[PDB]
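What follows is one chain in structure tokens, specifically the form deposited in one PDB entry.
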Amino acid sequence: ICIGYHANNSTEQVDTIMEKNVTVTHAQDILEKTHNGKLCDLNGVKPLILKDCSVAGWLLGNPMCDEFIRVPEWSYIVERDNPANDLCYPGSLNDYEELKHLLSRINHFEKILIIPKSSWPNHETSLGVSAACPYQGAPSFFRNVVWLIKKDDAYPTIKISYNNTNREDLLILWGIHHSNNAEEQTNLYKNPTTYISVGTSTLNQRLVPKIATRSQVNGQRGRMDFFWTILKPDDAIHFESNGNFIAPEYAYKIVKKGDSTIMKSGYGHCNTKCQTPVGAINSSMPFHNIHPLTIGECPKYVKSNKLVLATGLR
């Protein structure tokens, strides 16, 4: 008789601390080095493929971003690394990073018209100044928030007290428009000393415009710093402002919550149990090395390039 062990013509190679490039009979390739190179649906739910559109451009509806006026349920927001149509009017949403962290757990919005445009009696809806946001010509503004201009040369105090009678959280976005100088104020808002006094049960703000000369950005020398809040059930948002108010028109009733993310990467159609911003991955491997960010039940990111468990005899 003779004791021994089998062999084969395989060429898969593993590594050890003491030896390297050791040939083995059969070893499991635990590292998923392959990706389909496309973005698809996660568990039968299509993502939100914001094409050349940012979360600022989505939630504050950009006229160039009109494919998302009524969005279905999703599984992970998708955005480009440096989207172009992103706050076409210059400025920056305050706590923007907080909001995009908060949207990493909401799988669905319902756009509900909390505040129709008929609820601005003494204020004008002739707001054709945002030339930085062209869409089919003669652009006016975003659609989800209304930039109120004075009517009959007057700007009465905007005292609204919407109460979230709905039993679900609402995401209300408003803003303040920082003018170039006093000339734009008196040409837009007859009151020079303007303010906003948003008054949720938990929130308390007194904003003022920081009017000052500023540089060209997107062919506009003004700014608009936007703000957001989560109005809870039975709570009541209290807007009070006599100027420089990007009032809200739509809220986003948070009907579903779960696990989502924002991949920040540049759409396929095949089944994908897991996704990566570079491209989707479909395998049961323990590990992967495509990108840090993932979503769903996935393998575990490892920076290494060759993880191969030797399940065979050299």
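In this text, the rigid core denotes the largest set of C-alpha atoms whose superposition between the two forms falls within 1.5 Å. Numbering starts at 1 and follows the sequence shown.
If you look for the form deposited in another entry, you will not find it shown, but the lines that follow are about it.
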### Task
Superpose on the rigid core, then tell me if the C-alpha of residue 173 is displaced by 2 angstroms or more between the shown form and the other one.
no
### Message
Please determine whether the C-alpha atom of residue 126 is displaced by 2 Å or more between the shown form and the other one following superposition on the rigid core.
### Response
yes
### Rigid core fit then residue 64 CA moved by 2 Å or more between the shown form and the other one
no
